[PDB]
Structures are given as structure tokens and as C-alpha cells.
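Asker: Here's a structure for you.
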Amino acid sequence: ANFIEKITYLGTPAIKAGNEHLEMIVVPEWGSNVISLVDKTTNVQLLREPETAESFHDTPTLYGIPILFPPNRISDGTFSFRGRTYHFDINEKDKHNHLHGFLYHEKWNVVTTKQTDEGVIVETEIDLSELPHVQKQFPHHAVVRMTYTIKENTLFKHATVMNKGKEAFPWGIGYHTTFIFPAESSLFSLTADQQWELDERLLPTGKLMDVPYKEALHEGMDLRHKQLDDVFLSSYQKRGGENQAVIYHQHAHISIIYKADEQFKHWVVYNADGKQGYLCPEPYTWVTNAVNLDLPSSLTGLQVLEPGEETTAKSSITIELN
Ligand SMILES: OC[C@H]1O[C@H](O[C@H]2O[C@H](CO)[C@@H](O)[C@H](O)[C@H]2O)[C@H](O)[C@@H](O)[C@@H]1O
Ligand SMILES: OC[C@H]1O[C@H](O[C@H]2[C@H](O)[C@@H](O)[C@@H](O)O[C@@H]2CO)[C@H](O)[C@@H](O)[C@@H]1O
């Protein structure tokens with residue numbers, strides 16, 4: 001049994017959808033942000049929700065599931081692709097970067113909803129050629145379609161990126177997924193062995209380094225007194241196995257299994273100062289500043305769509321009760 005219901009989320013239109021296990025709320029106007037994810041059996045919210053519409057706008061990448069296209073930093077907002085140079089708004093002024101892409105602060109359209117025994121689908125979409133200011137920065141006919149499916153106890157979360165233009169473009173995608181993370185009763189684990197070393201501007205130098213506490217990181221570890229803003233290299237590339245973040249709420253015995261396919265080669269993990277009760281295990285298909293690295297694509301995970309092509313990048317959130 002499953003349902004869709006149109007609602008108002010803090011004065012914005014929104015869509016609630018779900019089954020007997022999980023409910024989502026997606027707000028198309030807020031960059032198609034999946035702002036709420038609720039476990040119906042235990043009745044607990046899993047995502048960091050905003051108090052007021054205003055405080056959501058203050059920081060639109062620190063609530064629910066913000067879409068980062070492309071993710072994280074480009075230095076000086078400048079890169080070159082196939083001879084051609086680009087200039088993106090430098091919205092991060094101290095570090096002199098462009099930060100977090102085009103689509104998190106924009107109006108997305110609902111393409112369609114669909115319901116079968118296979119669970120409930122909501123689809124959203126944005127055509128970048130319909131946003132004049134983005135075209136100044138990035139004159140390409142990129143179209144992004146999100147497909148959200150709740151089925152059994154899982155939210156499947158698929159990004160289809162399409163080139164409907166006449167020139168090839170590099171692209172990567174990331175999510176700023178913000179989970180409620182209580183430092184004293186929450187354990188965290190990630191399939192990662194190495195991380196990207198960063199300069200003062202949170203930009204990759206090019207070098208990789210062993211994660212000292214990698215064992216603990218594999219098994220599940222508390223984050224008490226540990227400030228993270230780290231760009232990890234998914235272990236799957238070298239070792240196979242899983243590609244996932246896991247969060248474990250000790251009180252209610254809830255496991256949140258955040259899976260992602262082979263295209264997601266990096267996870268940025270962010271908890272601000274560690275005293276804010278949240279955590280952002282952010283899977284990216286490409287490393288920070290990927291566009292500006294003279295490094296193999298199988299490492300940076302940089303991708304290219306030629307005219308007429310499309311790719312789908314798959315991730316899921318699984319709630320397990322144990
Ligand atoms: O912004 C275009 C520049 O990209 C490279 O340099 C930046 O990115 C590096 C990788 O993160 C940083 O280490 C470096 O400090 C940044 O300036 C490229 O090396 C430059 O030639 C480009 O101008
Ligand atoms: O202007 C800098 C901005 O970012 C810092 O934290 C970032 C983090 O570095 C990124 O990797 C990103 O994914 O998460 C945060 C922004 O969403 C600072 O901690 C933050 O206060 C500041 O606004």
C-alpha cells in the first residue's frame with residue numbers, strides 16, 4: 001500500500017509520498033530537496049529539517065537532501081574543458097571558490113508520479129537552458145531528472161543527467177544529505193581507506209593519504225570530539241565490496257544504510273564542529289575541483305556527456321530495524 005499527497009511545507013508546495021514503512025517529502029521549488037524522511041514503524045524523522053522557511057534559505061545545503069550539480073568547490077570558479085575556458089560565480093569569497101553548483105536554489109518541475117505494487121515513484125526535472133544566469137556561466141543544454149522511489153523500506157534516489165545540446169560537457173553530481181546525528185548515541189561507518197589531502201581552501205593537492213583510523217571507520221565509530229570536513233576516496237575502486245555510509249542510532253536500534261553505485265567515487269563527510277547534532281555523508285561522483293586536476297578520470301571520477309547522451313547515477317537510503 002502506498003500513497004501520494006500534495007501538501008504545504010512551510011508555505012511552499014510539496015509532495016508527501018510513501019508506504020507503510022517510509023514517508024518522504026520533496027519540495028520541488030527548493031531545488032527538489034527531499035526535506036523529510038520518516039521511519040513509520042518507529043515514527044522518527046531521519047533528516048535535518050528547517051525551523052522556518054527563512055532559516056532554510058539561510059543555508060539551503062544543510063537540510064534534507066540538497067542536490068549538488070556539480071558538487072563542492074571549483075577554484076576561482078574557473079576551469080577549462082576541451083580548450084574552452086569557463087567562469088562560474090565565486091559564491092564562496094574567503095576561499096575564492098564556486099561552491100555547490102547550480103540546482104540547489106532553483107525551481108524544479110514534477111514530470112510525473114506513478115504507483116504500482118513496486119512502490120511509489122515521484123519524478124522531478126530541471127532544464128539548465130531555461131535558467132539565463134546559469135547559461136552565462138555554463139552555456140550547455142544540460143537537463144537533470146531525479147527519480148525518487150520508495151519501495152519496501154528503501155528510498156531509491158536516481159539522477160539522470162542528459163546532454164540535449166550540441167557540445168560535450170563535463171559533469172558530476174553530489175548530495176548534501178544531512179542526517180540527524182546525535183554525537184552520544186550514534187555510530188558511523190564508511191567504506192573508505194584513503195582520503196584527499198586538502199590545502200587551506202579545501203581544494204585537493206593531488207595527493208592521497210591513508211586514513212589512520214580506517215579500521216574503526218569500517219566497523220562503525222563514534223564521532224565525539226572529531227570535526228570532519230573530509231573528502232574520502234571510496235574503497236570500492238581498489239578493493240571491491242560495498243560502497244556505502246552507515247549510521248547507527250543506538251537507542252532505537254535503527255540502521256541507516258546509505259548506498260551508492262560505482263560512479264560515486266568520493267564521500268565528503270561533514271559535521272561542522274560536531275556539536276550541531278547532524279552529519280552529512282555526501283556521496284559525489286567526482287572529487288572536489290575534479291575539473292582542474294591533471295589526474296586520471298577513473299580516480300577523479302570526472303565524466304563527459306557527448307550530445308544526445310545520458311547517464312543515471314544510483315543511490316539509496318535503507319532503514320533497518322535491529
Ligand atoms: O582554477 C583553475 C586552476 O586549476 C588548477 O589550480 C587550482 O586547483 C588545484 C587543485 O585543487 C589547486 O591545488 C591550486 O592551488 C588551484 O589554483 C590549475 O593548477 C591551475 O593552473 C588553474 O589556473
Ligand atoms: O564558506 C565556507 C562554508 O563551508 C564550510 O563547510 C562546508 C564544507 O567545507 C564543504 O565540504 C560542504 O560540503 O559543507 C560545508 C558547506 O555546506 C564551513 O564550515 C561553513 O561554515 C561555510 O559556510
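Chain labels follow the order of the C-alpha cells: the first chain is A, the next B, and so on; residue numbering restarts at 1 in every chain, and ligands are counted from 1 in their shown order.
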I'd like the contact shell of range 267-269 of chain A - 6 Å cut-off, only C-alpha atoms, skipping same-chain residues fewer than 2 positions apart - returned as JSON, numbers by chain.
Answerer: {"A": [229, 230, 231, 232, 280, 281, 282, 283, 284]}
Asker: I'd like the neighbourhood of range 153-169 of chain A as a list in words, where a residue qualifies if any of its atoms comes within 6 Å (using only C-alpha atoms), though same-chain residues fewer than 3 positions away should be ignored.
Answerer: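 The neighbour list is residues 21, 141, 142, 143, 144, 145, 146, 147, 148, 149, 150, 304, 305, 306, 307, 308, 309, 310, 311, 312, 313, 314, 315, 316, 317, 318 and 319 of chain A.
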Asker: Excluding same-chain residues fewer than 5 positions from residue 256 in chain A, what lies within 9 Å of it counting only C-alpha atoms, as a list in words?
Answerer: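 Within the cut-off, the hits are residues 46, 245, 246, 247, 248, 249, 317, 318, 319 and 320 of chain A.
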Asker: Leaving out residue 1 in chain A and any residue of its chain fewer than 4 positions from it, which residues lie within 12 Å of it when counting only C-alpha atoms, given as JSON, numbers by chain?
Answerer: {"A": [17, 18, 19, 20, 21, 22, 115, 116, 117, 118, 119, 120, 150, 151, 152]}
Asker: Those same residues, written as a PDB file, in the first residue's frame with N, CA, C and O atoms?
Answerer:
```
ATOM      1  N   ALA A  17       4.954  11.421  -0.041  1.00  0.00           N
ATOM      2  CA  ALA A  17       4.724  10.125  -0.642  1.00  0.00           C
ATOM      3  C   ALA A  17       5.254   9.048   0.282  1.00  0.00           C
ATOM      4  O   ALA A  17       6.243   9.253   0.986  1.00  0.00           O
ATOM      5  N   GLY A  18       4.619   7.886   0.275  1.00  0.00           N
ATOM      6  CA  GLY A  18       5.207   6.770   0.994  1.00  0.00           C
ATOM      7  C   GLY A  18       4.378   5.519   1.066  1.00  0.00           C
ATOM      8  O   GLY A  18       3.334   5.431   0.453  1.00  0.00           O
ATOM      9  N   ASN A  19       4.883   4.544   1.807  1.00  0.00           N
ATOM     10  CA  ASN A  19       4.166   3.309   2.081  1.00  0.00           C
ATOM     11  C   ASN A  19       4.048   3.147   3.586  1.00  0.00           C
ATOM     12  O   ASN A  19       4.151   4.128   4.328  1.00  0.00           O
ATOM     13  N   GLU A  20       3.876   1.911   4.039  1.00  0.00           N
ATOM     14  CA  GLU A  20       3.708   1.651   5.453  1.00  0.00           C
ATOM     15  C   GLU A  20       5.040   1.683   6.228  1.00  0.00           C
ATOM     16  O   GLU A  20       5.044   1.664   7.460  1.00  0.00           O
ATOM     17  N   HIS A  21       6.159   1.783   5.510  1.00  0.00           N
ATOM     18  CA  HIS A  21       7.487   1.754   6.126  1.00  0.00           C
ATOM     19  C   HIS A  21       8.191   3.082   6.187  1.00  0.00           C
ATOM     20  O   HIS A  21       8.835   3.385   7.198  1.00  0.00           O
ATOM     21  N   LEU A  22       8.061   3.878   5.119  1.00  0.00           N
ATOM     22  CA  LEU A  22       8.779   5.139   4.952  1.00  0.00           C
ATOM     23  C   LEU A  22       7.944   6.222   4.275  1.00  0.00           C
ATOM     24  O   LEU A  22       7.282   5.947   3.276  1.00  0.00           O
ATOM     25  N   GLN A 115       2.365   4.895  -9.297  1.00  0.00           N
ATOM     26  CA  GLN A 115       2.174   3.937  -8.193  1.00  0.00           C
ATOM     27  C   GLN A 115       1.801   2.535  -8.667  1.00  0.00           C
ATOM     28  O   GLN A 115       0.848   2.353  -9.411  1.00  0.00           O
ATOM     29  N   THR A 116       2.555   1.540  -8.228  1.00  0.00           N
ATOM     30  CA  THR A 116       2.235   0.150  -8.529  1.00  0.00           C
ATOM     31  C   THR A 116       2.567  -0.673  -7.287  1.00  0.00           C
ATOM     32  O   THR A 116       2.994  -0.101  -6.301  1.00  0.00           O
ATOM     33  N   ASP A 117       2.379  -1.994  -7.329  1.00  0.00           N
ATOM     34  CA  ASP A 117       2.901  -2.930  -6.296  1.00  0.00           C
ATOM     35  C   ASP A 117       4.389  -2.731  -6.000  1.00  0.00           C
ATOM     36  O   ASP A 117       4.879  -3.115  -4.946  1.00  0.00           O
ATOM     37  N   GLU A 118       5.102  -2.158  -6.969  1.00  0.00           N
ATOM     38  CA  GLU A 118       6.550  -1.913  -6.901  1.00  0.00           C
ATOM     39  C   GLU A 118       6.901  -0.640  -6.125  1.00  0.00           C
ATOM     40  O   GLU A 118       8.065  -0.202  -6.119  1.00  0.00           O
ATOM     41  N   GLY A 119       5.895  -0.047  -5.492  1.00  0.00           N
ATOM     42  CA  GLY A 119       6.098   1.158  -4.716  1.00  0.00           C
ATOM     43  C   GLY A 119       5.837   2.430  -5.486  1.00  0.00           C
ATOM     44  O   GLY A 119       5.328   2.408  -6.608  1.00  0.00           O
ATOM     45  N   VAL A 120       6.209   3.542  -4.873  1.00  0.00           N
ATOM     46  CA  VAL A 120       5.748   4.859  -5.308  1.00  0.00           C
ATOM     47  C   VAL A 120       6.883   5.689  -5.914  1.00  0.00           C
ATOM     48  O   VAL A 120       7.942   5.868  -5.313  1.00  0.00           O
ATOM     49  N   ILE A 150      10.144   5.067  -3.354  1.00  0.00           N
ATOM     50  CA  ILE A 150      10.071   4.325  -2.098  1.00  0.00           C
ATOM     51  C   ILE A 150       9.476   2.947  -2.388  1.00  0.00           C
ATOM     52  O   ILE A 150       8.472   2.833  -3.075  1.00  0.00           O
ATOM     53  N   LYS A 151      10.125   1.904  -1.888  1.00  0.00           N
ATOM     54  CA  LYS A 151       9.710   0.530  -2.110  1.00  0.00           C
ATOM     55  C   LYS A 151      10.225  -0.239  -0.939  1.00  0.00           C
ATOM     56  O   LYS A 151      11.404  -0.115  -0.611  1.00  0.00           O
ATOM     57  N   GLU A 152       9.349  -1.040  -0.326  1.00  0.00           N
ATOM     58  CA  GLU A 152       9.641  -1.738   0.934  1.00  0.00           C
ATOM     59  C   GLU A 152      10.170  -0.708   1.942  1.00  0.00           C
ATOM     60  O   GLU A 152       9.502   0.295   2.202  1.00  0.00           O
TER      61      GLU A 152
END
```
Asker: Around ligand 2, at most 9 Å away and counting only C-alpha atoms and all ligand atoms, which residues are there? Put them as a PDB file with C-alpha atoms, in the first residue's frame, please.
Answerer:
```
ATOM      1  CA  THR A  59      21.624  27.552   4.478  1.00  0.00           C
ATOM      2  CA  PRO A  60      19.870  25.512   1.736  1.00  0.00           C
ATOM      3  CA  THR A  61      22.589  22.811   1.596  1.00  0.00           C
ATOM      4  CA  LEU A  62      22.353  21.916   5.289  1.00  0.00           C
ATOM      5  CA  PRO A  71      29.435  19.283  -6.098  1.00  0.00           C
ATOM      6  CA  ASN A  72      31.664  21.284  -3.820  1.00  0.00           C
ATOM      7  CA  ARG A  73      34.450  23.595  -4.925  1.00  0.00           C
ATOM      8  CA  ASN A  91      29.872  32.483  -4.178  1.00  0.00           C
ATOM      9  CA  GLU A  92      32.486  31.435  -1.549  1.00  0.00           C
ATOM     10  CA  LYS A  93      34.519  34.609  -1.061  1.00  0.00           C
ATOM     11  CA  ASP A  94      37.121  33.896   1.622  1.00  0.00           C
ATOM     12  CA  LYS A  95      38.279  30.724  -0.128  1.00  0.00           C
ATOM     13  CA  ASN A  97      35.637  29.296  -4.885  1.00  0.00           C
ATOM     14  CA  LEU A  99      30.592  26.257  -4.161  1.00  0.00           C
ATOM     15  CA  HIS A 100      27.892  23.627  -4.585  1.00  0.00           C
ATOM     16  CA  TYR A 175      24.169  15.170  -2.442  1.00  0.00           C
ATOM     17  CA  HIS A 176      24.420  17.262   0.721  1.00  0.00           C
ATOM     18  CA  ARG A 201      40.978  26.389   0.575  1.00  0.00           C
ATOM     19  CA  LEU A 202      39.581  22.816   0.920  1.00  0.00           C
ATOM     20  CA  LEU A 228      35.022  16.417   9.908  1.00  0.00           C
ATOM     21  CA  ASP A 229      35.113  18.191   6.571  1.00  0.00           C
ATOM     22  CA  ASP A 230      36.967  15.438   4.771  1.00  0.00           C
ATOM     23  CA  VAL A 231      36.910  14.173   1.185  1.00  0.00           C
ATOM     24  CA  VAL A 268      32.656  14.135   1.707  1.00  0.00           C
ATOM     25  CA  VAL A 269      31.789  13.804   5.372  1.00  0.00           C
ATOM     26  CA  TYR A 270      30.790  16.899   7.276  1.00  0.00           C
ATOM     27  CA  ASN A 271      29.640  17.563  10.831  1.00  0.00           C
ATOM     28  CA  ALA A 272      30.612  21.235  11.212  1.00  0.00           C
ATOM     29  CA  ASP A 273      32.032  21.406  14.765  1.00  0.00           C
ATOM     30  CA  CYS A 280      26.409  14.952   6.097  1.00  0.00           C
ATOM     31  CA  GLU A 282      27.870  13.288   0.958  1.00  0.00           C
ATOM     32  CA  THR A 288      36.269  18.450  -5.322  1.00  0.00           C
TER      33      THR A 288
END
```
Asker: Neighbouring residues of range 293-302 of chain A were defined as those with any atom within 9 Å, considering only C-alpha atoms; residues of the same chain fewer than 4 positions away were excluded. Please report them as a ChimeraX atom specification.
Answerer: /A:170-172,204-206,233,237,263-266,284-289
Asker: So which residues touch residue 105 in chain A within 7 Å, counting only C-alpha atoms, skipping near sequence neighbours fewer than 2 positions away, as a list in words?
Answerer: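 What passes the distance filter is residues 30, 31 and 103 of chain A.
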Asker: Given only C-alpha atoms as the basis, pick out the residue of A:23, A:199, A:82, A:96 nearest to residue 44 in chain A.
Answerer: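 Going through A:23, A:199, A:82, A:96 one by one, the smallest distance to residue 44 in chain A is for A:23.
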Asker: Using DSSP assignments from the backbone, pull out every residue in range 78-202 of chain A that falls under alpha helix (DSSP H) and give it to me as a JSON list (two decimals) with C-alpha atoms, in the first residue's frame.
Answerer:
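And here is the file that came out, selection.json:
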```
[["chain", "number", "residue", "atom", "x", "y", "z"],
["A", 132, "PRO", "CA", 19.55, 32.56, -18.08],
["A", 133, "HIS", "CA", 22.09, 33.20, -15.36],
["A", 134, "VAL", "CA", 23.35, 29.62, -15.37],
["A", 135, "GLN", "CA", 23.75, 29.79, -19.21],
["A", 136, "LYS", "CA", 26.10, 32.82, -18.76],
["A", 137, "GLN", "CA", 28.28, 30.54, -16.57]]
```
Asker: Hey, can you check how far CA of residue 200 in chain A sits from CA of residue 83 in chain A?
Answerer: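 Between CA of residue 200 in chain A and CA of residue 83 in chain A the gap works out to 28.4 Å.
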Asker: Considering only strand (DSSP E or B) as DSSP defines it on the backbone, what residues of range 79-204 of chain A qualify? List them as a PyMOL selection string.
Answerer: chain A and resi 79-81+84-87+92+97-99+101+109-116+119-127+142-151+154-163+169-171+174-175+179-180+186-190+192-198+204
Asker: Extract, using only C-alpha atoms, all DNA, RNA and protein residues at most 10 Å from residue 212 in chain A, discarding same-chain residues fewer than 4 positions from it, and format them as a list in words.
Answerer: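 Surrounding residues, per the criterion: residues 193, 194, 216 and 217 of chain A.
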Asker: Just N, CA, C and O atoms for this one: save the residues we selected as an mmCIF file, in the first residue's frame.
Answerer:
```
data_model
loop_
_atom_site.group_PDB
_atom_site.id
_atom_site.type_symbol
_atom_site.label_atom_id
_atom_site.label_comp_id
_atom_site.auth_asym_id
_atom_site.auth_seq_id
_atom_site.Cartn_x
_atom_site.Cartn_y
_atom_site.Cartn_z
ATOM 1 N N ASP A 193 39.197 3.798 2.539
ATOM 2 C CA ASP A 193 40.563 3.553 3.045
ATOM 3 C C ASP A 193 41.498 4.748 2.989
ATOM 4 O O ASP A 193 42.480 4.811 3.740
ATOM 5 N N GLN A 194 41.212 5.685 2.088
ATOM 6 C CA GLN A 194 42.104 6.806 1.836
ATOM 7 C C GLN A 194 41.295 8.064 1.637
ATOM 8 O O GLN A 194 40.132 7.990 1.265
ATOM 9 N N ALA A 216 38.423 1.414 12.354
ATOM 10 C CA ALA A 216 37.306 1.881 13.137
ATOM 11 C C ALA A 216 36.247 2.395 12.177
ATOM 12 O O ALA A 216 35.045 2.123 12.366
ATOM 13 N N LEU A 217 36.703 3.091 11.129
ATOM 14 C CA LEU A 217 35.808 3.672 10.142
ATOM 15 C C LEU A 217 35.037 2.597 9.398
ATOM 16 O O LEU A 217 33.904 2.811 9.001
#
```
Asker: Between atom 1 (O, counted along the ligand's line) of ligand 1 and CA of residue 89 in chain A, what is the spacing in Å?
Answerer: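 Between CA of residue 89 in chain A and atom 1 (O, counted along the ligand's line) of ligand 1 the gap is 12.3 Å.
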Asker: Pick out the closest residue to residue 191 in chain A from this set: A:124, A:42, A:234, A:129. Count only C-alpha atoms.
Answerer: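 That would be A:234, the residue with the smallest distance to residue 191 in chain A.
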Asker: Just give me the gap between atom 2 (C, counted along the ligand's line) of ligand 1 and CA of residue 262 in chain A in Å, one decimal is fine.
Answerer: 26.9 Å
